[PDB]
Amino acid sequence: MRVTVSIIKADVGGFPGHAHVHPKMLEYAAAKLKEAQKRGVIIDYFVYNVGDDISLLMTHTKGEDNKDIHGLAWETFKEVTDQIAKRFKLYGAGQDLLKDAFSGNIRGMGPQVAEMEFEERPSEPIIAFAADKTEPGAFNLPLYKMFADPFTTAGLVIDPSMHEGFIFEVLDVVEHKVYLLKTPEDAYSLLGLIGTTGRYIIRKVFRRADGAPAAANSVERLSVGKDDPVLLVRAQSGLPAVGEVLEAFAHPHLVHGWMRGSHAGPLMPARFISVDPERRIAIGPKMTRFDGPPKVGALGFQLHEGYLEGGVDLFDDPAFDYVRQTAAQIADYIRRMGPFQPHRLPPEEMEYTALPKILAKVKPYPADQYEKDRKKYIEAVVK
Amino acid sequence: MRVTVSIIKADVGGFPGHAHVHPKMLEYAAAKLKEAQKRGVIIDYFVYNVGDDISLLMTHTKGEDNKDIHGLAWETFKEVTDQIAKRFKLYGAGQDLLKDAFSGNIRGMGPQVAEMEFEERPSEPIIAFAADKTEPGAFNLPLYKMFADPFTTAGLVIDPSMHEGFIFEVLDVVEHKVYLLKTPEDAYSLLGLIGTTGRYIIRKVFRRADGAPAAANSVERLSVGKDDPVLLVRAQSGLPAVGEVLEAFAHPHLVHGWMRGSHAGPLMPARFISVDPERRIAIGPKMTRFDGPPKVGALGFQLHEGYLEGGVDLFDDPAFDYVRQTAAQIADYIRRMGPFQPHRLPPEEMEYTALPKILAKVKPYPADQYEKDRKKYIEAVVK
Amino acid sequence: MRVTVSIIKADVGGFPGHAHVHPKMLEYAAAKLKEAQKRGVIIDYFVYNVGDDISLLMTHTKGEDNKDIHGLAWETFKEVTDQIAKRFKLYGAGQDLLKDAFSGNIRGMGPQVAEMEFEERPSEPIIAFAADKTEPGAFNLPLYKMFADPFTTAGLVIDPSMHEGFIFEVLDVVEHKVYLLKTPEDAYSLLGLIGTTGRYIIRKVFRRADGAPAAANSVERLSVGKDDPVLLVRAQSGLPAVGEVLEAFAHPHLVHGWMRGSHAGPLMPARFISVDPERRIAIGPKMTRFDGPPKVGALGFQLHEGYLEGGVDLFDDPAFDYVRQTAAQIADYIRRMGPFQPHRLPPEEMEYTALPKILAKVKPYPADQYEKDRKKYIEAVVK
Amino acid sequence: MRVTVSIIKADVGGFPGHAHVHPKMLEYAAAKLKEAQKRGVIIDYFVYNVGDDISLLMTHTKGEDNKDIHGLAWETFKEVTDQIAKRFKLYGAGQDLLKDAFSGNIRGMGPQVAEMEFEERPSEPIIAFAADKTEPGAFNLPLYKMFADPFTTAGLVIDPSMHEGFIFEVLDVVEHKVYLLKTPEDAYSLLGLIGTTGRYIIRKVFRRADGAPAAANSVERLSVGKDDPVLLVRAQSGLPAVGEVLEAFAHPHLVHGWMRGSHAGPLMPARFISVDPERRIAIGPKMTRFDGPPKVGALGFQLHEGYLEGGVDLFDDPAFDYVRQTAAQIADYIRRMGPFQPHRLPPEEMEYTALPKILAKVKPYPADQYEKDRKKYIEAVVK
Amino acid sequence: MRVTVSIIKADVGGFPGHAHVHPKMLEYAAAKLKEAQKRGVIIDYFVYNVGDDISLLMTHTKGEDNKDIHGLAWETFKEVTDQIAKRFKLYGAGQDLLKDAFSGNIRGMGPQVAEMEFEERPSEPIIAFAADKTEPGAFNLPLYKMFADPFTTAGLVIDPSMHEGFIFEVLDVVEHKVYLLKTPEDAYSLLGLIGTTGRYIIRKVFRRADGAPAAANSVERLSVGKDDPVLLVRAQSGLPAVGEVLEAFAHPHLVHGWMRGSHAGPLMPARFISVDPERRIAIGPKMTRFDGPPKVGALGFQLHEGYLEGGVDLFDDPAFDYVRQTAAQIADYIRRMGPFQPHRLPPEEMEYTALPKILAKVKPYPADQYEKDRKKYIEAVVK
Ligand SMILES: [Mg+2]
Ligand SMILES: [Mg+2]
Ligand SMILES: [Mg+2]
Ligand SMILES: [Mg+2]
Ligand SMILES: [Mg+2]
Ligand SMILES: [Mg+2]
Ligand SMILES: [Mg+2]
Ligand SMILES: [Mg+2]
Ligand SMILES: [Mg+2]
Ligand SMILES: [Mg+2]
């Protein structure tokens, strides 16, 4: 049968500030999706957070872009906001619920969505990712690596089915344009684009042999835009092994975001604090020093008949402690830089804050004229 | 509504020696504040320790310096002392209950108090800190950093509302005098003072734009004086982000105190051993090698209608493990110094111990006369 | 009132081999001492292990060397051996129950005993230690440090009462002789002796000012002898602070024992796996690589009216993780040495194994004669 | 007397590629400035390189912007290019000699110039810096720190003369505008600007008390622009101590440039390979892995009567080996990022390379239309 | 024969600022002492620097406090100052030549002097030390360790002649008083004093068995006072082995001084840059980051008939690279503390700078009155 796997993510209230979610937020969303399950709306679900973003992972048969699945997620976010965030006066309550109405589609309303509709396989392992304190371009490098880099994904070299490579669907979020690029041949051009992570964002990957969908990352054209993305990746059987996918994250590369959406720091692959598959909830890591560093969590599932068996915390292994130690140490090195590029983002990712405003001052003197005048201009200031 | 958030801290019995508190101490204080809640005395509370100091965090509407809130905390400390510390023959039972009477105000009676009365905000995240085995000047540097250092608090550079800086209320605990200093312009003078952490202690910080209170640190003029302080900081929304506040502690600077209140060692930001928000108790870290090193704990809350939602252990993140590893290693390096300045405090912080006494011996010879006499003075000793 | 605090330790069954104890061993010993408590035999107790040695900590009023307390401990070891070790066919079941009869005193029968009888103080914090896979001389250095080294115990320099130093009771286990030495003046001679840890063993320390007992280490003259010792130390109030005592262990010095009682490795200060003060049991660390490394555990209590409030795991602090990391790394360095001095003990601690036997071969040639004969002696071997 | 100290820097030939200079380049420039000295054109000189940029440090009395000093440096660069770079077919021979004519002033012709004209002091220590493989904004942070950061320059807090702070002359290289900012009060605005290191570049610093010049960094408005800058800083006596200046560089912050002027990596403070004050030449470090990492060198002098006594390699101290080890390790971490932001510069510093060209392809599909067409667009590619 | 070994040290000109000496300074002092040798004034000499302090080590037979030896050193410092420091306009030229006249004795005129007059032994190894950027109390800990600590000097435990310990001559530089203390018995009191390194300074050590002199450290009562000390230690043969002396320095303890004589940092044991025993000169390390860290150098000699055979750089061994790496890393950790105690010295070592001056402002409000007035006092500032 054709299942649709759908992640719909939103920040609706931080506890405290931007550090974590409140757990009743999770409890209430799980309780609500359990009604929709009972009512036949969805087959299975799982509810978790990373930092302060709630992810609603849902299986169902209404396909992509569906207004009842997108509706259900909207409704269920609205209700956490009114019943809990507003109740507890949580920080940035209702943050991502930017638009107010609700046409039919949730995209470009504030929450993030990655979905894939495929025919379920004999075995169907998927990984589900969520990052906090970063932007969707943060997965551009793990995505490139796992589907295109031979040093990460051995399957590219030694598995016949992957040998032909993958199709990359790249969204230009600035000018609302899509590029289809196909590895290996187009690797250097793909990189030419996606390496500018603020603007060219891998939205979907497709297997080239049969067209099968492989991954969908959460990204929309600017206006909303995109904070803290969520990713869905399908694994094994002519698609990256689960561990080739996990390897793509073994190096905590630097991502944009961190504190005030204006700095860069290492992407730490974190453990969940607890995973309760019976109650269908997982509590992810907190964000602490400087509001991060930025973090990604990974839960793996096996789907059967649309049911979600899992999830398993896939960054839970001593091997990832080394990675975590590295990221802690880089977060520390890079922070000693204070408010300077490249620790601080370029002015354009600044432009959305309010550095510009300030510059309502100073009085700038044009250079050619100040150059024959330096001495009295300083003489002024000095007295 | 105007809430008052009030921390009132005391060491009333160590278990064993100076290492920790007994847990029934916490249990009994929580049970007691729950009566006062029921009776309408206070809106909410939370009871925790770091090392051997019990903190009673209480919300209420009686404002600062109130004799019923200060009374309640006194009463509730007295009762732990008689019912438990004295019962179990705990070490330094009733330690901080120095005075005996109880005029109206608790300050200068032994326990430490930081309170703030503000109009509650749309979202109102506060952080609550407690350090053990140090002195109130230990927060002078984290306080300076989070409100005045651009390398710590990006908000100073990129958030319009903080751009104008803060007012620092500095108490001269030695001569009972207060200095108001305002950053940025007065930074170098603020530092001139507060860098002498034994004497010029940041007691309160105020936002300069509107006068809003931002932080209150626990400090009183000498006589009592001040051990193991507690700090209250309000975050977000024109005030340091929660993570800019947590960053101010990312470097385990050296603080005075540690063993016998006479040495200096790194301030380790520690995790709580357990946080039970349902029973309103948290058990902090123990103090071990050399009676520390010194440690600070951080709990974050969101206030609604005076209710304390929390607390969240905000030093609970792999990023702070690096910091903790650093502090462990410095505690080890610096200790190899034994009883020597600067590992050992200057003589004046010694003067309150009993190095002076000793020096009831030796016989000191005046120099000018010993200089023509060295040879027979040694000839003596030798025989 | 005068309490006696009494630790009586024995290895009666390893699970598996020499790695740990079986937990019913602990359960059964706790159940048994609870009868004796009920019957008035003893005031309080606590039952724990480190590696494969069971420690019975008991409070009571029968004073030192008492035959009912020593009897109770014997009886209760015999019963674990018959009811559990023998039942489960545990390794080296009944190991330390060497003698067979039972005159009146347990010392020189196999188990280890440290006791102190003192008048209980206003506050009376004691620490209770147990090491596995080493010998009683392993505490010679922590003992020296905490009572005699100014770099460890600041109290020696800055506390008037300790300024006069301590009396060291040193047992020569080889020739059954006792030396009384008193620090500071006799430091160099104390060291001359105790630095030979296999033979001159600090058995007791006494405060010099008033004669008060301070510490008692578990040691008996050879025949039995002594494996895996237990130590009792009283803290605070003119005696080392609890943290000066814990500092004496902050450096994992090398001790004799480890694997087959014939090697040297670092003394790792370990955490307990669990501490249950309600059931009066604690499960200590396992011994793994090469049967260690060697380890010591520390539980602190506060005594009131002979009741044992505790115990607290006093090596449970991030600061001791650094120490633990160091010890892991030295255990690794030193092991690459294989069977060579000094990783391997001197021949005399070998002499109690069976290196000697072997040397029933080779044929040794006397040197003076072999020297004019080398060439044909090799010519032989070669053909 | 009023001396002018003048550094005029140029890349005129790499050996090999971009790694170093050829030593006859240095030899020939020294030989040439020795004529000009003999002829009275200049008082003293010193000739050194870092990476592949030659620095001509010259003392003289013709003041700033002088056409004979700028001429002499031009002439002497032209002659190295024709007599050596072109001779040996060195890489990028004559690179920085962009313009062809020579009006009167060297600025905006390709080479970099920092000069200061001051009255020589009783003692007059200056430091002279040169960086390779970076851009002039690389010194924005060391410059800010040494004149404005109290954590770097203790003199700001404890020296009366510096207490009043400094004037920062900031050039907007993009719109040819100058900003005068004065610390402390304007710190946050200074940072608002200079933290965008690609565009707002500290060109000069002046002491605020008397107007004295303190530092001049090498920077010109875009067209030329600016690679690998050179800095001149005066030290001591109401101006940063020599070591407060050296401290500003103790943390290898990330700078733009490195390989192909398109990446960011740590600024390594390097030693010179040799310093020959008798022949007035110093050979700086090579640039190796990935064409760096980027590096800065420091030579200190004492001026007397315009004579340059020195120079001393001021990064030659074990303390800077730690810094160097850190930078090596970051260069290694950050490089594993390949062609991705922030390791790779933002598109705008790309725009001067030729990423744009490429994008002569792919065919971009507008999003709104591709969204109802995905399936056949992939069906295409797949077949 | 009775030789006198005499070190007389002075800072007379830094190159640049405070980083090093100019080498002609050394050359000229060596040339000058070679005349005095030729003339019979002195038997042998050696001339070296550490940081910016020149040491004149001289052997001779005029005994301690001699006016011709002290004169010769004065004269020879004056001449370097006029002929070189003043010539080259070096920084702080003539710095230590504070007084102007010259009664007979050099002590309390600015330079530092350590001398010992002993009967030369069958073999007579001495070590000669010089530290820069610290104060004479910096050797208090190495001095204590090598003569009194059994963990440093094994000879105390295992060599019969040292078993009786040493006499410590302690100068109270604040009240011009001398204390004779004798180890072991007086260890704790010695420490009580010398651990306050700013005031109780070990000036001389004497062997207790025969009265022999062992060490003399450079220290005078305040007025002058004391910067950057020099130490002379005699080794072997009932006195610490050369390596027990070198061990006393194996841990880079924190010392007062560093930058602006107002901070604390690790004492790095450094190598000499070059040792030329034929020309009788050695060039020591430079001081760089933050004007240090502080450093000590060690040259060993063998005396025969007063001739100085040597010197050997005794910190030149890979084993000391570990120590040097540690010190680099601590210098880095502790510096992140900026202007705060204990990185910054206590106010009293401040009092000699000019923190006090500043505090000509702010207006301090007395506390009791400000406490009922806070709100309008902030209302003021805010408007
Ligand atoms: Mg948020
Ligand atoms: Mg978020
Ligand atoms: Mg206490
Ligand atoms: Mg306390
Ligand atoms: Mg066993
Ligand atoms: Mg055992
Ligand atoms: Mg080039
Ligand atoms: Mg270049
Ligand atoms: Mg100097
Ligand atoms: Mg000096």
# chains A, B, ... in the order shown; residues from 1 in each chain; ligands from 1
$ closest_atom_pairs --of "chain E" --to "chain C" --cutoff "9 Å" --atoms "only C-alpha atoms" --output "Markdown table"
| residue | atom | partner | partner_atom | distance |
| --- | --- | --- | --- | --- |
| E:149 | CA | C:149 | CA | 8.9 |
| E:150 | CA | C:188 | CA | 7.1 |
| E:156 | CA | C:188 | CA | 6.4 |
| E:157 | CA | C:188 | CA | 5.0 |
| E:158 | CA | C:192 | CA | 6.9 |
| E:163 | CA | C:188 | CA | 6.8 |
| E:164 | CA | C:188 | CA | 8.9 |
| E:183 | CA | C:185 | CA | 7.9 |
| E:184 | CA | C:185 | CA | 5.3 |
| E:185 | CA | C:185 | CA | 4.3 |
| E:186 | CA | C:184 | CA | 7.7 |
| E:187 | CA | C:184 | CA | 7.2 |
| E:188 | CA | C:157 | CA | 5.0 |
| E:189 | CA | C:157 | CA | 6.8 |
| E:190 | CA | C:157 | CA | 8.9 |
| E:191 | CA | C:157 | CA | 6.5 |
| E:192 | CA | C:157 | CA | 5.6 |
$ residues_near_ligand --ligand "ligand 8" --cutoff "9 Å" --atoms "only C-alpha atoms and all ligand atoms" --output "VMD selection string"
chain D and resid 10 to 12 14 18 to 20 50 to 54 131 to 134 227 to 228
$ residues_around --residues "residue 63 of chain E" --least-positions-apart "6" --cutoff "10 Å" --atoms "only C-alpha atoms" --output "PyMOL selection string"
chain E and resi 2-6+69+115-118
$ residues_around --residues "segment 312-328 of chain D" --least-positions-apart "5" --cutoff "9 Å" --atoms "only C-alpha atoms" --output "PyMOL selection string"
(chain A and resi 333) or (chain D and resi 127+246+249-253+265-272+275+277+293+297-301+333) or (chain E and resi 15-16+19-20+268+270+285-289+292-293+324-325+327-329+331-332)
$ write_last_selection --atoms "C-alpha atoms" --output "PDB file, in the first residue's frame"
ATOM      1  CA  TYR A 333      36.376  28.131  20.492  1.00  0.00           C
TER       2      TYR A 333
ATOM      3  CA  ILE D 127      54.788  46.806  16.502  1.00  0.00           C
ATOM      4  CA  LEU D 246      50.092  40.768  21.625  1.00  0.00           C
ATOM      5  CA  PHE D 249      46.012  37.975  18.897  1.00  0.00           C
ATOM      6  CA  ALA D 250      46.125  35.150  21.490  1.00  0.00           C
ATOM      7  CA  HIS D 251      42.948  33.706  20.133  1.00  0.00           C
ATOM      8  CA  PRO D 252      43.125  32.580  16.515  1.00  0.00           C
ATOM      9  CA  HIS D 253      39.736  34.066  15.451  1.00  0.00           C
ATOM     10  CA  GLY D 265      39.926  29.718   8.689  1.00  0.00           C
ATOM     11  CA  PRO D 266      41.798  30.501  11.861  1.00  0.00           C
ATOM     12  CA  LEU D 267      44.324  33.372  12.049  1.00  0.00           C
ATOM     13  CA  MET D 268      47.497  31.620  13.157  1.00  0.00           C
ATOM     14  CA  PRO D 269      50.064  33.888  14.852  1.00  0.00           C
ATOM     15  CA  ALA D 270      53.291  32.539  13.320  1.00  0.00           C
ATOM     16  CA  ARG D 271      57.027  32.800  13.996  1.00  0.00           C
ATOM     17  CA  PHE D 272      59.466  34.134  11.445  1.00  0.00           C
ATOM     18  CA  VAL D 275      65.295  37.534  11.512  1.00  0.00           C
ATOM     19  CA  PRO D 277      68.597  42.785  11.851  1.00  0.00           C
ATOM     20  CA  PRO D 293      45.807  28.595   7.137  1.00  0.00           C
ATOM     21  CA  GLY D 297      53.543  37.924  11.910  1.00  0.00           C
ATOM     22  CA  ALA D 298      54.689  40.523  14.403  1.00  0.00           C
ATOM     23  CA  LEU D 299      57.956  42.472  14.570  1.00  0.00           C
ATOM     24  CA  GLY D 300      58.604  44.962  17.329  1.00  0.00           C
ATOM     25  CA  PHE D 301      61.045  47.824  17.155  1.00  0.00           C
ATOM     26  CA  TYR D 333      37.991  20.727  11.903  1.00  0.00           C
TER      27      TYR D 333
ATOM     28  CA  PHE E  15      63.455  46.093  23.656  1.00  0.00           C
ATOM     29  CA  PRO E  16      60.702  46.565  22.748  1.00  0.00           C
ATOM     30  CA  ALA E  19      59.568  42.055  26.189  1.00  0.00           C
ATOM     31  CA  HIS E  20      63.327  41.422  26.152  1.00  0.00           C
ATOM     32  CA  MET E 268      56.736  28.944  33.080  1.00  0.00           C
ATOM     33  CA  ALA E 270      61.745  28.465  30.059  1.00  0.00           C
ATOM     34  CA  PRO E 285      63.257  34.045  26.719  1.00  0.00           C
ATOM     35  CA  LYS E 286      61.028  36.854  25.581  1.00  0.00           C
ATOM     36  CA  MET E 287      57.803  37.904  27.273  1.00  0.00           C
ATOM     37  CA  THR E 288      54.938  38.115  24.830  1.00  0.00           C
ATOM     38  CA  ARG E 289      51.259  37.457  25.451  1.00  0.00           C
ATOM     39  CA  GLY E 292      54.609  37.024  29.953  1.00  0.00           C
ATOM     40  CA  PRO E 293      53.393  34.704  31.109  1.00  0.00           C
ATOM     41  CA  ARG E 324      55.682  24.397  29.534  1.00  0.00           C
ATOM     42  CA  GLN E 325      52.525  23.108  27.710  1.00  0.00           C
ATOM     43  CA  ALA E 327      51.720  26.696  31.788  1.00  0.00           C
ATOM     44  CA  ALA E 328      50.725  27.858  28.241  1.00  0.00           C
ATOM     45  CA  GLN E 329      47.277  26.357  28.751  1.00  0.00           C
ATOM     46  CA  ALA E 331      47.935  31.276  30.993  1.00  0.00           C
ATOM     47  CA  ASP E 332      45.110  30.885  28.478  1.00  0.00           C
TER      48      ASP E 332
END
$ select_by_dssp --residues "segment 25-174 of chain B" --states "helix (DSSP H, G or I)" --output "mmCIF file with C-alpha atoms, in the first residue's frame"
data_model
loop_
_atom_site.group_PDB
_atom_site.id
_atom_site.type_symbol
_atom_site.label_atom_id
_atom_site.label_comp_id
_atom_site.auth_asym_id
_atom_site.auth_seq_id
_atom_site.Cartn_x
_atom_site.Cartn_y
_atom_site.Cartn_z
ATOM 1 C CA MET B 25 15.502 18.994 55.101
ATOM 2 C CA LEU B 26 14.141 19.681 51.604
ATOM 3 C CA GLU B 27 11.022 17.548 52.109
ATOM 4 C CA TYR B 28 10.138 19.350 55.354
ATOM 5 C CA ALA B 29 10.684 22.866 53.910
ATOM 6 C CA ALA B 30 8.523 21.999 50.886
ATOM 7 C CA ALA B 31 5.796 20.633 53.214
ATOM 8 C CA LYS B 32 5.899 23.813 55.232
ATOM 9 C CA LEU B 33 5.674 26.280 52.278
ATOM 10 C CA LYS B 34 2.788 24.236 50.991
ATOM 11 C CA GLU B 35 0.890 25.204 54.156
ATOM 12 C CA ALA B 36 1.709 28.865 53.595
ATOM 13 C CA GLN B 37 0.534 28.476 49.999
ATOM 14 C CA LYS B 38 -2.744 26.892 51.155
ATOM 15 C CA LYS B 67 8.305 40.840 57.163
ATOM 16 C CA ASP B 68 5.857 37.967 56.606
ATOM 17 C CA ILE B 69 7.788 36.510 53.697
ATOM 18 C CA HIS B 70 11.105 36.997 55.528
ATOM 19 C CA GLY B 71 9.363 35.670 58.629
ATOM 20 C CA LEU B 72 8.004 32.643 56.865
ATOM 21 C CA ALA B 73 11.485 31.777 55.618
ATOM 22 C CA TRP B 74 13.053 32.308 59.019
ATOM 23 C CA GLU B 75 10.373 30.199 60.748
ATOM 24 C CA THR B 76 10.739 27.449 58.165
ATOM 25 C CA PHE B 77 14.583 27.424 58.596
ATOM 26 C CA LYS B 78 14.274 27.318 62.432
ATOM 27 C CA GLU B 79 11.932 24.321 62.112
ATOM 28 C CA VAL B 80 14.284 22.314 59.826
ATOM 29 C CA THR B 81 17.073 23.041 62.370
ATOM 30 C CA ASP B 82 15.102 21.807 65.425
ATOM 31 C CA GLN B 83 13.134 18.998 63.715
ATOM 32 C CA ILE B 84 15.959 17.590 61.534
ATOM 33 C CA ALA B 85 19.464 19.111 61.780
ATOM 34 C CA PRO B 136 28.552 36.826 46.468
ATOM 35 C CA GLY B 137 31.402 38.448 44.455
ATOM 36 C CA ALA B 138 31.563 35.165 42.538
ATOM 37 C CA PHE B 139 28.692 36.368 40.407
ATOM 38 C CA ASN B 140 30.331 39.767 39.799
ATOM 39 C CA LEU B 141 31.867 38.430 36.550
ATOM 40 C CA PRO B 142 28.840 36.513 35.172
ATOM 41 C CA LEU B 143 26.780 39.613 36.067
ATOM 42 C CA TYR B 144 29.136 42.016 34.320
ATOM 43 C CA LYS B 145 29.371 39.767 31.268
ATOM 44 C CA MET B 146 25.611 39.170 30.680
ATOM 45 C CA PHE B 147 24.635 42.869 30.920
ATOM 46 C CA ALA B 148 27.771 44.643 29.705
ATOM 47 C CA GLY B 155 21.708 41.496 22.228
ATOM 48 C CA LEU B 156 23.869 44.485 23.245
ATOM 49 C CA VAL B 157 25.044 44.817 19.624
ATOM 50 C CA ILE B 158 22.047 43.567 17.592
#
$ residues_around --residues "residue 344 of chain A" --least-positions-apart "6" --cutoff "10 Å" --atoms "only C-alpha atoms" --output "list in words"
residues 256, 257, 258, 259, 261, 262, 263, 264, 265, 334, 335, 337, 338 and 350 of chain A; 154 of chain B; 195, 196 and 342 of chain D
$ closest_residue --among "C:95, C:55, C:105, C:369" --to "ligand 5" --atoms "only C-alpha atoms and all ligand atoms"
C:95
$ select_by_dssp --residues "segment 20-81 of chain D" --states "strand (DSSP E)" --output "list in words"
residues 44, 45, 46, 47, 48, 49, 50, 53, 54, 55, 56, 57, 58, 59 and 60 of chain D
$ residues_around --residues "residue 174 of chain B" --least-positions-apart "4" --cutoff "7 Å" --atoms "only C-alpha atoms" --output "PDB file with N, CA and C atoms, in the first residue's frame"
ATOM      1  N   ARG B 199      34.718  42.975  48.020  1.00  0.00           N
ATOM      2  CA  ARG B 199      34.326  44.265  48.612  1.00  0.00           C
ATOM      3  C   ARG B 199      33.286  45.091  47.832  1.00  0.00           C
ATOM      4  N   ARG B 221      26.074  44.314  53.783  1.00  0.00           N
ATOM      5  CA  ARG B 221      27.249  44.914  54.429  1.00  0.00           C
ATOM      6  C   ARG B 221      27.809  44.001  55.524  1.00  0.00           C
ATOM      7  N   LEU B 222      29.135  43.956  55.648  1.00  0.00           N
ATOM      8  CA  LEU B 222      29.803  43.122  56.659  1.00  0.00           C
ATOM      9  C   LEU B 222      29.431  43.415  58.122  1.00  0.00           C
TER      10      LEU B 222
END
$ residues_around --residues "segment 352-368 of chain D" --least-positions-apart "3" --cutoff "8 Å" --atoms "only C-alpha atoms" --output "PyMOL selection string"
(chain A and resi 171+176-181+189+192) or (chain D and resi 348-349+371-372)
$ atom_distance --atom1 "atom CA of residue 208 of chain D" --atom2 "atom CA of residue 1 of chain D"
21.9 Å
$ decode --residues "segment 322-333 of chain D" --atoms "N, CA and C atoms" --output "compact mmCIF listing (two decimals), in the first residue's frame"
# COMPACT_ATOMS: atom_id res chain seq x y z
N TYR D 322 50.61 27.05 22.10
CA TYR D 322 49.29 26.60 22.43
C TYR D 322 48.28 27.19 21.42
N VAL D 323 48.31 28.53 21.29
CA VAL D 323 47.54 29.25 20.27
C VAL D 323 47.74 28.61 18.90
N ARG D 324 49.00 28.43 18.48
CA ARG D 324 49.31 27.77 17.19
C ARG D 324 48.73 26.34 17.06
N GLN D 325 48.78 25.55 18.14
CA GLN D 325 48.17 24.21 18.18
C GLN D 325 46.67 24.28 18.01
N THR D 326 46.03 25.22 18.70
CA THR D 326 44.59 25.48 18.54
C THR D 326 44.25 25.80 17.08
N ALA D 327 44.93 26.78 16.51
CA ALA D 327 44.67 27.15 15.14
C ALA D 327 44.87 25.96 14.18
N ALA D 328 45.91 25.14 14.36
CA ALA D 328 46.12 23.96 13.51
C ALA D 328 44.90 23.06 13.57
N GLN D 329 44.41 22.82 14.78
CA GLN D 329 43.27 21.94 15.01
C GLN D 329 41.96 22.46 14.47
N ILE D 330 41.78 23.78 14.40
CA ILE D 330 40.54 24.38 13.90
C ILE D 330 40.58 24.36 12.40
N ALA D 331 41.76 24.65 11.86
CA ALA D 331 41.97 24.60 10.43
C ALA D 331 41.57 23.19 9.97
N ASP D 332 41.77 22.19 10.83
CA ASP D 332 41.47 20.83 10.45
C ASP D 332 40.00 20.49 10.59
N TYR D 333 39.41 20.90 11.72
CA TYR D 333 37.99 20.73 11.90
C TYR D 333 37.19 21.40 10.75
